[PDB]
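Protein chains: 4
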Amino acid sequence: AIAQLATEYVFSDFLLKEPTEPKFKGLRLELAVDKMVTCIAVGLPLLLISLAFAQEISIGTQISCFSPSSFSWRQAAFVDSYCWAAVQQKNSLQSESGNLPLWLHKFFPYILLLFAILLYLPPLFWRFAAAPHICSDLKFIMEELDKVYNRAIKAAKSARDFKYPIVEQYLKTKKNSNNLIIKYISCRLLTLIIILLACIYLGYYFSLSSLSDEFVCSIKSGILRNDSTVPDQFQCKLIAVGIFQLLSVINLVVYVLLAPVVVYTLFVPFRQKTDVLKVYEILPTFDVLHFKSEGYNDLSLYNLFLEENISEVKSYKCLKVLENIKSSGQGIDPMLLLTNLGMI
Amino acid sequence: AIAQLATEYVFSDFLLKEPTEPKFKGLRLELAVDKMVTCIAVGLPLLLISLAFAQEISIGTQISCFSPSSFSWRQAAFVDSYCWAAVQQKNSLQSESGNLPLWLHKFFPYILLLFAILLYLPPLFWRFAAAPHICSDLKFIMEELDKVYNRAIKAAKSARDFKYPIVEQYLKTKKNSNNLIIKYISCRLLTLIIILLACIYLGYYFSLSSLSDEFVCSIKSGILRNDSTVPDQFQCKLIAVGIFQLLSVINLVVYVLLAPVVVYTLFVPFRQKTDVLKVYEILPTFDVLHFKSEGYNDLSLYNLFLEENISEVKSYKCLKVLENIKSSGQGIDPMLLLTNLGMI
Amino acid sequence: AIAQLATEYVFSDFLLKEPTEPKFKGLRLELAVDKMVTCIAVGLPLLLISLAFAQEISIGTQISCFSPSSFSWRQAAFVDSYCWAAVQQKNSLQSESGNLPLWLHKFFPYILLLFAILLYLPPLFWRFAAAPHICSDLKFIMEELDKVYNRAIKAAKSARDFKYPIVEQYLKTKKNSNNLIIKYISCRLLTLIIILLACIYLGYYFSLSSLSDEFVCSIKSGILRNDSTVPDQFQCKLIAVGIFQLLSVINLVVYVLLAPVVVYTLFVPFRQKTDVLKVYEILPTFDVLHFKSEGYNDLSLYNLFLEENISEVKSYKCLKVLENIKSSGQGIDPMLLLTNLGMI
Amino acid sequence: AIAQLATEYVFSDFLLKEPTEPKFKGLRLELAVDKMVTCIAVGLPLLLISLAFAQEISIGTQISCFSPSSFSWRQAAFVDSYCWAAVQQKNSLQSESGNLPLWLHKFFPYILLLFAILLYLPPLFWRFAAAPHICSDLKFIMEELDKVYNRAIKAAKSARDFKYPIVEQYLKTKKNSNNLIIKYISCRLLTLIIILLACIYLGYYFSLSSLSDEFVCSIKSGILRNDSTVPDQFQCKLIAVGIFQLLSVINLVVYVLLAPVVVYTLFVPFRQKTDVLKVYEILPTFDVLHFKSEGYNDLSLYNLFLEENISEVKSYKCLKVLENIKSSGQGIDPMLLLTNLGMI
Ligand SMILES: CC(C)CCC[C@@H](C)[C@H]1CC[C@H]2[C@@H]3CC=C4C[C@@H](O)CC[C@]4(C)[C@H]3CC[C@]12C
Ligand SMILES: CC(C)CCC[C@@H](C)[C@H]1CC[C@H]2[C@@H]3CC=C4C[C@@H](O)CC[C@]4(C)[C@H]3CC[C@]12C
Ligand SMILES: CC(C)CCC[C@@H](C)[C@H]1CC[C@H]2[C@@H]3CC=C4C[C@@H](O)CC[C@]4(C)[C@H]3CC[C@]12C
Ligand SMILES: CC(C)CCC[C@@H](C)[C@H]1CC[C@H]2[C@@H]3CC=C4C[C@@H](O)CC[C@]4(C)[C@H]3CC[C@]12C
Ligand SMILES: CC(C)CCC[C@@H](C)[C@H]1CC[C@H]2[C@@H]3CC=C4C[C@@H](O)CC[C@]4(C)[C@H]3CC[C@]12C
Ligand SMILES: CC(C)CCC[C@@H](C)[C@H]1CC[C@H]2[C@@H]3CC=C4C[C@@H](O)CC[C@]4(C)[C@H]3CC[C@]12C
Ligand SMILES: CC(C)CCC[C@@H](C)[C@H]1CC[C@H]2[C@@H]3CC=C4C[C@@H](O)CC[C@]4(C)[C@H]3CC[C@]12C
Ligand SMILES: CC(C)CCC[C@@H](C)[C@H]1CC[C@H]2[C@@H]3CC=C4C[C@@H](O)CC[C@]4(C)[C@H]3CC[C@]12C
Ligand SMILES: *[C@@H]1O[C@H](CO)[C@@H](O)[C@H](O)[C@H]1NC(C)=O
Ligand SMILES: *[C@@H]1O[C@H](CO)[C@@H](O)[C@H](O)[C@H]1NC(C)=O
Ligand SMILES: *[C@@H]1O[C@H](CO)[C@@H](O)[C@H](O)[C@H]1NC(C)=O
Ligand SMILES: *[C@@H]1O[C@H](CO)[C@@H](O)[C@H](O)[C@H]1NC(C)=O
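Protein chains in written order, with the entry's author numbering: chain F, 2 to 162, 191 to 373; chain G, 2 to 162, 191 to 373; chain A, 2 to 162, 191 to 373; chain B, 2 to 162, 191 to 373.
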């Protein structure tokens with residue numbers, strides 16, 4: 002039913018499931034905005050397909066041709082289904098709007114499903130190509146940060162009672206390589222292109238006269254060509270075309286609202302702000318150098334991924350609260366770090 | 002519904018499930034490109050079968066013959082079903098396009114399912130013949146790499162405060206044997222042949238006049254041969270033939286796009302690049318010799334499998350980050366290895 | 002739907018489920034070739050049954066008799082169902098092909114299910130009679146091999162820094206007893222006989238004229254015997270008979286391709302090759318004697334089972350890699366064994 | 002569908018599920034032959050019921066009466082259902098075969114279900130009355146055997162570097206009591222009686238003329254008794270009666286084949302052979318006395334249960350392999366026991 006479809010597609014974890022594998026434990030592997038965009042762009046057309054043929058909104062068959070009274074119910078079914086299959090056969094029907102409107106009315110669910118699949122494709126390519134590498138690198142970064150925080154707190158405790194910047198060097202090296210950012214940008218751009226094409230198609234579908242669903246149908250090919258009792262033509266109407274138009278304009282509105290989000294996601298360096306690593310700069314064991322900004326490189330993407338999935342790190346949380354308390358300046362950063370005792 | 006089929010076949014883990022057994026824990030056993038190719042080539046025809054008979058796109062019965070008005074609904078059903086079963090009986094029907102078009106229109110779902118099964122067969126043969134052996138060998142290689150990394154870091158720590194290349198010898202021995210690569214190439218070639226045959230069939234199906242679905246049917250065998258009230262013949266149309274043609278051309282496009290991927294996978298030595306073992310060459314306990322390239326042997330396949338499923342190895346990840354930092358050259362490889370302290 | 006049936010019967014673990022019990026943990030208990038043969042021979046006829054009555058390929062009812070126009074729809078249903086039930090009643094119908102073709106057309110799903118059950122019976126007898134014993138014996142053999150490997154490596158380590194061949198004696202004793210091999214051969218032979226009988230039946234079914242589905246039906250027994258308004262006879266056609274013939278020839282092709290596999294499995298001693306125990310002959314604690322070949326005894330079957338399910342043994346894997354490295358001969362077997370340190 | 006029913010009833014664990022409780026962990030509680038007999042005798046009639054009304058074999062309604070053409074479809078439905086309900090009302094119908102054939106044709110599924118329930122009853126009584134006691138006793142016996150084996154191996158190791194026969198005394202005491210064997214024999218005898226009664230009924234059902242399904246029906250009681258437009262009687266046929274007869278003869282064949290198995294299971298002392306305890310007689314800590322044979326007592330039943338579910342005992346497996354090696358006589362039993370080191 003309508004409610005079941007809603008629960009499946011909006012109120013449930015449709016495409017929101019975390020990776021079902023121990024490799025990615027607690028790692029999103031996908032930005033929240035991108036996940037929202039993909040979920041909307043994929044599960045909206047599916048939801049509209051399901052709604053358009055719901056047991057309640059749907060009167061019944063998808064086409065009726067109004068055969069003469071003399072025709073039996075089976076002859077009427079023959080006429081209806083013949084015209085349904087003959088929307089593609091151009092000679093069979095003669096409609097003012099043409100034959101493309103009939104093609105579109107018959108295959109609208111297929112086109113919506115195609116758009117959903119094409120929008121889900123780039124996310125899947127990301128997941129199966131660039132997600133494992135970024136996940137491994139981010140796990141390494143998290144482990145390095147936790148280890149350096151533990152070493153710093155241990156040193157502070159020893160004072161009260191190697192030292193090489195491996196992670197910073199790794200980030201600096203990542204500053205040059207840009208394959209990951211290139212893949213991300215290409216996926217976002219393809220998603221935007223697919224969304225714009227879908228908007229064009231939906232606008233064309235919704236701009237129709239709304240009478241193109243009605244077409245003239247002629248069962249007059251073969252032995253029935255010269256038959257007399259059969260009328261020369263029939264009046265057929267494609268049902269649910271208005272519902273398709275309504276759902277198409279709804280999807281068009283959603284996609285036009287979503288496209289600005291897509292271009293914003295494409296403009297990654299502007300998103301690269303609120304330095305996550307600035308918090309760690311107070312640790313004696315961590316070098317005071319962020320050096321991550323203003324670059325169309327994988328470093329900005331890694332910074333965004335950290336800002337997205339760093340709240341799960343206890344050391345980062347402790348450093349963040351220490352910096353927050355430093356806003357007043359009443360205490361001292363090393364004293365607060367020693368007092369916290371948050372190694373694990 | 003359409004959306005349920007889409008969720009099952011594209012947005013879910015259809016054929017993407019990892020082995021349900023402790024023997025293969027975290028091991029793909031299949032290259033990402035090959036898994037994509039198999040998933041597409043198998044779940045596309047199934048998806049098209051499901052779509053073609055969806056409750057919405059489908060008007061109703063698969064054939065209607067337009068019996069005279071005098072005929073009852075049961076007589077009409079008899080005529081329709083008789084012609085449905087008589088598409089195979091050549092004498093019963095007389096169609097301009099012949100009888101093969103009618104056979105194909107009636108059995109298109111069967112042919113798509115046959116193609117899906119034939120494309121899934123080589124992957125299954127791989128899984129049940131060559132996957133256990135490669136999995137065991139790769140687990141041995143991973144264990145050897147982890148052990149040698151642990152020994153190297155322990156030796157470095159001891160210095161700061191056997192030695193036989195077993196894995197390299199095993200790889201060198203694998204360089205000669207080629208049964209695994211032969212099986213892989215044979216499976217890929219059979220998949221390519223099946224895909225090309227499917228493309229030929231789909232092109233033939235889509236090249237039909239689109240009027241071959243209409244055939245003349247004669248219920249005039251037996252006691253009804255000389256009956257007068259029954260007309261000498263009927264006008265029958267095979268419904269969903271246009272939808273079958275649309276889906277067949279879609280599958281043809283997908284398969285022609287996919288075949289280049291298949292030939293690329295077949296050309297394995299060119300894929301054999303970005304030496305995974307080059308990272309380990311800096312370890313004192315590991316001999317500095319890759320010796321894996323330019324060969325139609327199982328060694329290249331093992332190299333590809335390593336490059337595919339080596340990101341899960343912490344020692345390999347540490348070595349990779351060490352080499353990445355070595356790009357700048359600021360530090361020293363042994364110093365970085367000692368500082369990392371990433372035994373486990 | 003067709004796709005759901007395919008996913009259930011070919012793309013899922015249909016009859017491929019490992020034993021759901023702790024007694025057999027990681028043990029196949031069945032050769033890969035035999036499992037493939039059983040899975041095909043069982044799930045093919047079931048798949049064909051499901052396909053033949055699929056919602057898409059199936060026009061509707063399984064028989065239509067074309068009652069006169071004057072007959073009501075309920076009278077038509079009576080005639081159709083009466084003839085359906087009277088295919089068995091010989092006097093009721095008069096068909097040129099006889100009555101056995103009608104019996105077969107009506108009961109084809111039952112016959113396919115019977116063949117599937119009869120082919121699944123010998124595997125089930127194997128599982129519930131001979132599988133526990135072989136599983137226990139093979140677990141004992143694996144434990145003995147692991148223990149002797151551990152003792153050998155411990156002795157080598159002690160040198161660097191009982192001894193009775195219990196497993197070999199057990200294998201030698203098994204050389205005489207042949208109940209297990211006799212049961213295996215009997216099951217394979219019964220499977221082959223059932224397959225050949227199924228091939229004969231399917232060939233007979235597919236060799237029919239294809240017009241035997243049409244039979245003349247007479248509702249003229251009882252009070253209707255002398256009734257005038259009812260015609261003396263009707264023209265009935267058994268629907269899906271052509272689909273049954275197509276599926277039967279497909280199953281015939283599959284079974285004729287499979288029977289050579291069955292005879293190959295029956296010829297077990299020829300399969301008994303690539304001595305699995307030859308690898309263990311280099312261990313000082315293991316006697317250098319294979320003594321397992323050229324015998325219609327349970328020893329060959331045990332050798333096959335070992336070759337099938339020995340890859341899970343770490344000691345066997347280590348010995349295999351040691352022998353593989355010995356192909357070059359650069360190193361020494363005891364030195365490699367000491368260096369491996371693969372006790373557990 | 003047919004295939005789904007087959008998978009549920011033959012290819013799945015129908016009545017083969019082990020007890021879902023920690024009390025019986027790895028204990029069958031039921032002999033393999035008895036479990037097979039019960040599973041067949043219960044799930045065969047259910048399978049036949051399901052098959053007889055399958056969506057494919059079933060034409061439609063279970064009865065059709067061929068009301069005159071003037072009758073509406075609702076009047077025809079009234080006549081059909083009235084006759085369906087009036088098969089029991091003797092005055093309403095007049096059939097040559099009588100009224101018992103019609104009763105049986107209408108209630109065949111009920112009778113098959115009754116036979117299945119009556120055959121499942123004795124197994125359930127066994128499970129809920131005698132299974133816990135035998136399970137506890139057998140667990141005690143297994144624990145005693147494991148303890149004595151451990152003590153014997155410990156004594157042998159001590160020599161190289191109480192003693193009361195509690196289990197044998199318990200078995201000797203069990204030799205007298207016979208309530209368990211009496212219950213087992215009574216259950217088997219009741220199963221045999223039910224099977225024979227089912228065979229008699231199925232033979233009577235299959236021996237019918239096959240025209241007894243056709244009966245004359247009279248809707249002439251009440252206000253319709255003197256009505257003129259309604260014919261004095263109708264020609265009704267009970268559909269699926271031939272299918273019921275086919276399935277009944279199949280079940281008869283299965284049951285007649287099964288009854289010899291039942292009488293063999295009833296003759297338990299002859300089954301009591303291949304002394305399981307003879308293997309333990311070589312242990313110094315175990316008295317050399319089997320004393321279990323030739324008795325209609327619970328001791329033979331316990332011996333059978335041990336022979337059925339003793340393969341899971343590591344001590345028994347070790348003793349069995351020791352005795353097997355003793356066939357050659359090359360070594361010594363105590364030496365082999367010491368070398369095995371299989372305490373746990
Ligand atoms: C998803 C993408 C490919 C959709 C592209 C736009 C589609 C939906 C529509 C929008 C406007 C349409 C065009 C409008 C006008 C004409 C002129 C006519 O004589 C032939 C068809 C043609 C040329 C149409 C083809 C299809 C069209 C391009
Ligand atoms: C992403 C944004 C830009 C989408 C907004 C929808 C736009 C593109 C839609 C809305 C109305 C549409 C037009 C409606 C009518 C016609 C006439 C037809 O003969 C050619 C196409 C044409 C000219 C359409 C082109 C696309 C169109 C302009
Ligand atoms: C999956 C594989 C086997 C499909 C092979 C191609 C099939 C689909 C088609 C493509 C072209 C077809 C052929 C085209 C023309 C003819 C000539 C005619 O007088 C007999 C049939 C015959 C000989 C056809 C047989 C079937 C055919 C070969
Ligand atoms: C994998 C690639 C090559 C597939 C491309 C589809 C090709 C093979 C298709 C497209 C159109 C097809 C042709 C269409 C019409 C006919 C006429 C018929 O009487 C014989 C087959 C023949 C000549 C077909 C052969 C196959 C064909 C050429
Ligand atoms: C599964 C096994 C039992 C099937 C055995 C073969 C079956 C399918 C068929 C193949 C050929 C058939 C026979 C062919 C010819 C005749 C002669 C006829 O006057 C009586 C039936 C009889 C004797 C048939 C009986 C059934 C038969 C034996
Ligand atoms: C496993 C292999 C051998 C199976 C091959 C199928 C064979 C056995 C099939 C194919 C055609 C069949 C024949 C077709 C027609 C008839 C005529 C009939 O009156 C008697 C049976 C007989 C003579 C059949 C016997 C079985 C048959 C020869
Ligand atoms: C399950 C058990 C109870 C079934 C017992 C057998 C049943 C199926 C059948 C087999 C033979 C049958 C009997 C055959 C003949 C007659 C004579 C008739 O004038 C009255 C019914 C009576 C007496 C039948 C009663 C039912 C009967 C006993
Ligand atoms: C377990 C074994 C013995 C079952 C074998 C089935 C036997 C018992 C069946 C097969 C044919 C049957 C007979 C068929 C016909 C009749 C005539 C009827 O008026 C009385 C019952 C009677 C005489 C049946 C009694 C039971 C019967 C003999
Ligand atoms: C129908 O009748 C017309 C009359 O002109 C004729 O041309 C045509 O061939 C006929 N069609 C058939 C199928 O006979
Ligand atoms: C039908 O009538 C024709 C008239 O020529 C005759 O040849 C044929 O045998 C008849 N068919 C039947 C089944 O009697
Ligand atoms: C039908 O009428 C015929 C006329 O010969 C007669 O023999 C037969 O008995 C009648 N049938 C019935 C059921 O009265
Ligand atoms: C039907 O009519 C008959 C005529 O004899 C009469 O006996 C009977 O009572 C009537 N039935 C009813 C229900 O009035």
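We put the CB at the ideal spot given by N, CA and C, even for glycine.
Anticipated Cβ contact below 8 Å, residue i with residue j, distance rounded
{"i": "A:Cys66", "j": "A:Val80", "result": "5 Å"}
{"i": "A:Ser51", "j": "B:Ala2", "result": "6 Å"}
Opposing strand residues paired with residue i [DSSP bridges]
{"i": "B:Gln274", "result": "Paired residue(s): none; B:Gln274 is not in a bridge."}
{"i": "B:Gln90", "result": "Answer by DSSP bridge pairing: none, since B:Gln90 is not bridged."}
{"i": "B:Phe244", "result": "B:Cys265"}
{"i": "A:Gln95", "result": "A:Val245"}
Assigned exposure category for residue i - 16 Cβ within 10 Å defines buried
{"i": "A:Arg75", "result": "buried"}
{"i": "A:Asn338", "result": "buried"}
{"i": "B:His106", "result": "buried"}
{"i": "B:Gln264", "result": "buried"}
{"i": "F:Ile224", "result": "buried"}
{"i": "G:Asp14", "result": "exposed"}
{"i": "B:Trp104", "result": "exposed"}
{"i": "B:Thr21", "result": "exposed"}
{"i": "B:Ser68", "result": "buried"}
{"i": "A:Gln198", "result": "buried"}
CB contact flag (residue i, residue j, <8 Å)
{"i": "F:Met372", "j": "F:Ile222", "result": "no"}
{"i": "F:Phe54", "j": "G:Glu57", "result": "yes"}
{"i": "B:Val278", "j": "B:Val34", "result": "no"}
{"i": "A:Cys40", "j": "A:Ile64", "result": "no"}
{"i": "F:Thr258", "j": "G:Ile60", "result": "no"}
- Message: List, from N- to C-terminal side, the alpha helix (DSSP H) runs of 4 residues or more that fit wholly inside the region 54-87 of chain B.
- Response: 74-87, all fully within the region 54-87 of chain B.
- Message: Which complete alpha helix (DSSP H) runs does the region 295-358 of chain A hold, if anything under 4 residues is left out?
- Response: Within the region 295-358 of chain A, the complete alpha helix (DSSP H) runs of at least 4 residues are 297-300, 327-338, 343-355.
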